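One structure coming up, written as structure tokens, with questions to follow.
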Amino acid sequence: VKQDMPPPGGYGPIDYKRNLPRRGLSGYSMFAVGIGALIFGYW
Amino acid sequence: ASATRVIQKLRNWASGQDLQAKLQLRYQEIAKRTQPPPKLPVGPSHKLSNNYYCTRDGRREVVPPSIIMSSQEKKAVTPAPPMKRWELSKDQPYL
Amino acid sequence: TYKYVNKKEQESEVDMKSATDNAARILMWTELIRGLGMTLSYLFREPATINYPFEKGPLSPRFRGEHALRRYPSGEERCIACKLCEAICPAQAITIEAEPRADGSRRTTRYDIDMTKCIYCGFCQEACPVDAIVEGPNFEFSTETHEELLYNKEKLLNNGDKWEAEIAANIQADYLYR
Amino acid sequence: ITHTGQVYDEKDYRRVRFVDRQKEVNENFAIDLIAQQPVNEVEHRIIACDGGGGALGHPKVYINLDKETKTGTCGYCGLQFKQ
Amino acid sequence: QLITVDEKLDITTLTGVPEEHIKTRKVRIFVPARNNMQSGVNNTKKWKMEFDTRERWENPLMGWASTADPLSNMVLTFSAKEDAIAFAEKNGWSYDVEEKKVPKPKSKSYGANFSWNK
Amino acid sequence: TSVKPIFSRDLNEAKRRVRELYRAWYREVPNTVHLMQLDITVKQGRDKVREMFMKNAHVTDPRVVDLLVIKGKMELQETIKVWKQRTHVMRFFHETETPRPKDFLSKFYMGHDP
Amino acid sequence: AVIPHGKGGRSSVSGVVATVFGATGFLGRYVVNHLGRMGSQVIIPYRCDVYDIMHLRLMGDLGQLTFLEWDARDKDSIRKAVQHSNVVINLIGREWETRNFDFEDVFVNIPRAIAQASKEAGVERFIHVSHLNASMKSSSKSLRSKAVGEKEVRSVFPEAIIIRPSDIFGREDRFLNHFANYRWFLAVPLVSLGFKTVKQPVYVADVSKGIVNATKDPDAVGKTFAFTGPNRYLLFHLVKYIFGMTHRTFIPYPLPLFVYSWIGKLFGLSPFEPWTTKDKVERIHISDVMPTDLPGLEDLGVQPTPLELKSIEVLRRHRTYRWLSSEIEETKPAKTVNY
Amino acid sequence: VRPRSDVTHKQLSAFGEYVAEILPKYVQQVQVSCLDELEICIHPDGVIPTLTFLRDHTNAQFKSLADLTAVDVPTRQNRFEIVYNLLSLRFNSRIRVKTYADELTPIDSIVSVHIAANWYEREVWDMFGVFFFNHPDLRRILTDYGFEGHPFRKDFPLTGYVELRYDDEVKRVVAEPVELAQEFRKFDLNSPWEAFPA
Amino acid sequence: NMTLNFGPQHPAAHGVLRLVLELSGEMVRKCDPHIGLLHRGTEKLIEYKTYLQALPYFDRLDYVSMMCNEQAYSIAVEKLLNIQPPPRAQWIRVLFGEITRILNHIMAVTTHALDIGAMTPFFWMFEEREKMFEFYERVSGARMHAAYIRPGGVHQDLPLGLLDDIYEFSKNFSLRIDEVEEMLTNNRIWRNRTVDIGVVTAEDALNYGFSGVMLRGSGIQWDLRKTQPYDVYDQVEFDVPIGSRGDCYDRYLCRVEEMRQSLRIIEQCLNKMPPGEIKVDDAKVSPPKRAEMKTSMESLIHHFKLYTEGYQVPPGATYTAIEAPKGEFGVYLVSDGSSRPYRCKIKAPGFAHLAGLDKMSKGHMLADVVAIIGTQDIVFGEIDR
Amino acid sequence: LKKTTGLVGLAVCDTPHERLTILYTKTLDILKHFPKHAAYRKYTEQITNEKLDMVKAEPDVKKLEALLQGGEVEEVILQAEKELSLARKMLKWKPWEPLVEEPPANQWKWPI
């Protein structure tokens, strides 16, 4: 009768796949930042 | 939880993930203790009829190993059918 | 169904844009900075530790913990020395010798659980017909001397009397399951 | 002293163990505690002592209270019943 | 090619047993009898050789039995008398075999109990 | 009879191997007493070697002898390639244990089962 | 009594319940070792905190060693310790008269009260230990006071064995370590340039085994055994030999004792366990007495063990990496003096 | 009652015959348990040959050695029963080849056929005492450095003959003959009544 | 070569390991691992113990994958008894088996990092591990060393709140793998420490009997969970994470994937667990219920005999292998008709792996050896047995 | 053609059909010395002949991989020469001979 069982209709869905986010500034844009610092810093 | 929004936003960003949605610390989501009393189901063999054990005792109906090639044209035979190649996954073949 | 981990599907030919992105990854340690962000993030999360003396890590009713011998509500100790708790103990921990008490009842003259020998399997809890020997909730019984850990009938019966109220509640919660 | 009259002799040395320590014993002794419970006056020749609490008690057994002189005593509880 | 040795396999030197327990231990090869309590005979089938019993002094702290003899609880089971004797000879333990004693055939017939004159 | 030879066809050839092992141990005793800082005398140790090599002097069968040196060689390896520390070596000397008398009267006075 | 059952090793029973008041000592450690090995019940009265007696726990088996809190000034503590013991062994001794305990106390006063109670208790035998060559007139207050005790205790406890050991040779001993530790001192003073004070060391174990054997033997009653040794020595060879195994230079320079008793007085003033003692100094140059007496070792069943044999173990810690591997064979032996 | 497919008891049975035919010089018995497991039994001399055929035969590739063990039937003249369990990742089947070795009649080593056996063979020598010729480095693996006796032999006492404690006098760990404070209670458990014809 | 032993007390030695290293300079030319420091006599003790009272021993051979270990003994004994566990029990064993592989992998990935020097991944996951033990404790009463998976069926039904709590853990666990994923999978420092270290070629891995993630990491496609489906591994869908090249990185990446694939299997088990009994209904094999033994004579006799004497499994012998988190864990149980076993050879994925250390750690520094042991996931309980 | 085989150590073998035909024909040759009715000769000759015939028949390696199984073609090459090595080994072993020695009696009786 009462035994521990999955809820009616089943449980919801669970994520297993890697969700690592590729979030970053683009490389060219990045270089410019550091280069700009040097360029200005030198001036 | 119980974190000022700003800390949460810093948290979510520095981590790169909505860590708030899936906090590790458990809060009032865990099964309450003293869950209701359990009436567990009785399995087969509890019938009061046509339940003869002799008809349900694989323990010793087992027999001594079958013997082949005792010391006391023909095609080649393998241990078993050659195995079947596994197939690449479809949800995530790579990575 | 299999899945290739670390298998590069194809040879992406370097494109300046790609090369720059990569070179920037090596030169300005971009991925290393990514890792620092993750740890800074948790620094801001609430720590999961508990004040150990003040707060206690949760243990549900089946926790085996420390051995105790129960008594009937009337006051008659439950054990009737059938001695199969001794038979099924995996470690040879329980030693029982018995003789008919003056009342004429069956009782154990000596019941000694060697807790250092015991591996807290909980089968004794299982095996007892009268359920006289139970796995009590307490886990904090660390002792200065080895002899204290060896337990005779009087310590276990006393352990039983001290924790009977919770033992009864715990057995009450889990008996339907068993 | 203990339930079984376990009392180290006046000369035994295990008494050194108890030196500067408490010899653990229980005041509540069963031989006596069962006595207090009164004989149950059932009105059926054979009654059963499930042990109190059914599954939470002791294996069920039926006692014959037919002997008029004596009273049936459950080999488990020690509880006594008379007709 | 095989070499010839008439020396009774004695391997007492390889078994690794302390000298005291190879020269002072007598083992008896016997077929176990049946505790009269039960009428089953499945424990009176295989021969067993058992080492001689030794000291079992009481322990002072807890009163548990204590034994100084390592080969006490060891009872090896051998299917036939010949094989068990062999184990004693190569291991160097002394042996004193006891012949199996099996119940003699007994004639029984329900009719007898109703005999005119018994 | 009719046994297969393990490594030595006859007690003669086998004895050759024992000689070699004895030499090995003899040459090694001194080193061990120094690399393990054991508190024993090289002479003393070398007698122990002799003791052991004779404790098994009675063996007449070639096969048993051959295994005995295999095993013996293994022990040496554990003591020259040092994996066996002092506790292990000194055990050979049975230094802590109290010697038991073998005199009947002695045993009678002490043990139920002699 | 306790019938002796078992094979002879730990977890076996020998039937000797024994209070041993000064077990924490160098000799003591050894006494508890054999008593525990044999399987005897050992009650160890202790005053130092539990941390320091842990070294005694692994010796002996469970429920075989019992530790009791005890104070020498408090008579009651000694009373309960011997309540259930049948053998009492007294090893109470010190070299430095401490602020609150005088040589009399450590040797004569206390060791009396102890045996006194032991009798009241009904202990079968009491073993009292006093230093060798202990005249009631000997120079060192220590030795004389000890002599005073061996007399008294006989009146409190008649037929009480009195083993009288020489200075003891063993790891953690003073006799051997003291001299070896003179290294710190650039020069090693030696009264009479270490001559005319022939000394006969005795291995600690021999002493211990002897003592233990006493406990389990009826032959020793009122006996005043003297565990001595396997060879005597002029202090010169001893000192050098030590320095020899220690592989440290030996520079014997004579020092007038009258001045040296003063050096002992100096360190003696030290608050933390003076290293040398005026009473020590005298003792060190106090010649070992000759061996005409109830024999000890051998007589009690243990053959003495020569000093050179185990010296390597006692003096090893004092060597330097350079000599650590060096062995006894490489080194030379000292010479005895039947004189 | 467990579900049993006779497809396997037939496939494996046939293979058994195939192996036997191909290696008749050594195969003595080849049986399939009621549990669908094959167990070619080979003369000890066939250790090298039978394994090699299974490791390198197109119709029977048995590449990895799952285990090498030695039951000890003291009654059996040849005390040990070296058992080698092998797996064929190609045909998804396992086979067991078991030989018999007495105490002083060594078996060949298969470290050549499978290098997995380098360790298990040392394990069998240490526990049971069987010796393996041509082994690269046979030496005790599991037992103590100075252990005397082979432990898993049925004739070896469980508690053993030596135990270790620290002795102050000698300031070093020291063996002593075993003295146990509660001997292993040897419950007799066999019932005097059999279960079935088997 | 400056012989130096990786002595037991050192943390990287897993408590008991005496790797006699020959250091040709810092480069190590030979390793001779001296195991045996934790041999407890597990397989000589089992011969003296009945089949139920030997179950506990199997929870202590690999001590980081308790239940999967006790699923190998349970399957063996069950085979020799020609009995099969009830349907609910088989799902529960698969549910607990994957919680154990997540538990072993969190152990293996985080402790490997502890050895290399990354300390934070261990702390984040270990909190996620006590969340998991709680599931053991709530179902068996022991945080670890449960004894829940019994030779026939499992011991007691799941408490009525466990499957909801396992969903909440599995729901949020993947972010936790994702988080160490970011902190230790692209760090040039990890990759450099792990990539191209201890490469093992495919045929060499089969020949050395590696049989585990070590087998799969070099590209051989073998999972005893799909090839020879034990229990219900035929009714659950998962992808074996085969790696390509074999460096200690590809093996790490495979272990991280198996944790993810196990969450996929755990999901299916919670979604599809059948109503039913947790232990086979043959009183001869599995002990009678508490109420029944206290009201029916046939049940007390069966409880008394089973606890005191035993199952008395029919005479035979079997080698049953299950995919334990480390690799193939197999029990060769030889059985006489007696209630206590005759032999129980525990094949330990680990005896084979540690043998490979000398070959795998070839031309490698002292530091590489620390990674080589870490990537074999060796627990000395299984190797020493 | 392929970039690499799944197995780490194995390397792509170009001209795989030619490499297999070389190995397969060799084995057939060695087997030619085995005793005529020797079981290994008849059985392996049958297996090897079928393998060649298929290798001769199929000009596409991917379908060749399907026809004689073997997973990647490179493995089949390793299996064939492994068998070639054993064929040479067994000729020396002479396992086609009768049983070396009967088992001591009661050697294989498990109930014991």
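Going in written order, the chains are labelled A, B, C, D, E, F, G, H, I and J, and every chain counts its residues from 1.
Following the convention adopted for this analysis, a residue touches a chain if its C-beta (ideal position, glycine included) is under 8 Å from a C-beta of that chain, and two chains touch if they have at least 3 such contacts.
In UniProt terms the chains read B = NADH dehydrogenase [ubiquinone] 1 alpha subcomplex subunit 7; C = NADH dehydrogenase [ubiquinone] iron-sulfur protein 8, mitochondrial; D = NADH dehydrogenase [ubiquinone] iron-sulfur protein 6, mitochondrial; F = NADH dehydrogenase [ubiquinone] 1 alpha subcomplex subunit 6; H = NADH dehydrogenase [ubiquinone] iron-sulfur protein 3, mitochondrial; I = NADH dehydrogenase [ubiquinone] iron-sulfur protein 2, mitochondrial; J = NADH dehydrogenase [ubiquinone] 1 alpha subcomplex subunit 5.
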Report task. Name the chain whose C-alpha centroid is most distant from the C-alpha centroid of chain I. Result -> G
Report summary line: Most central chain, judged by mean Cα position vs. mean of all protein Cα atoms, is I
Report task. Using the touch rule from the top, work out which pair, C-I or B-H, shares more C-beta pairs. Result -> C-I
Query - Intercentroid distance (Cα basis), chain I paired with chain G, Å - result: 58
Requested in this report: Could you give the separation in Å between the centres of chain B and chain C, each centre being the mean of its C-alpha atoms?
Outcome: 23
Report summary line: Cα centre of chain E to Cα centre of chain J, whole Å, reads 53
Query raised in the report: Hey, what residues on chain G touch two or more of the other chains?
Result: 2, 5-9, 11-12, 37, 41, 61-63
Requested in this report: Quick one: which residues in chain B touch 2 or more of the other chains?
Outcome: 15-17, 19, 23-24, 33, 36-41, 56-62, 64-65, 71, 74, 76, 82-83, 86, 89, 91-92, 95
Requested in this report: Two or more other chains in contact with one residue: find those residues in chain A.
Outcome: 2-4, 17-20
Query raised in the report: What residues of chain D sit close enough to touch chain G in their complex?
Result: 11-17, 19-20
Report task. Spell out the residues on chain A that touch chain I in their complex, using ranges where they run on. Result -> 2-7, 10-20
Report summary line: chain E partner, complex, touching residues on chain G are 2, 5-9, 11-13, 41, 61-64
Query - Touch list for chain J against partner chain H, complex - result: 39-40, 43-44, 47-48, 51, 69, 79-80, 82-83, 85-86, 89-90, 93-104, 106-108, 111-112
Query raised in the report: In the complex formed with chain G, which residues of chain F make contact?
Result: 33-35, 37, 39, 41-42, 96-98, 100, 110-112
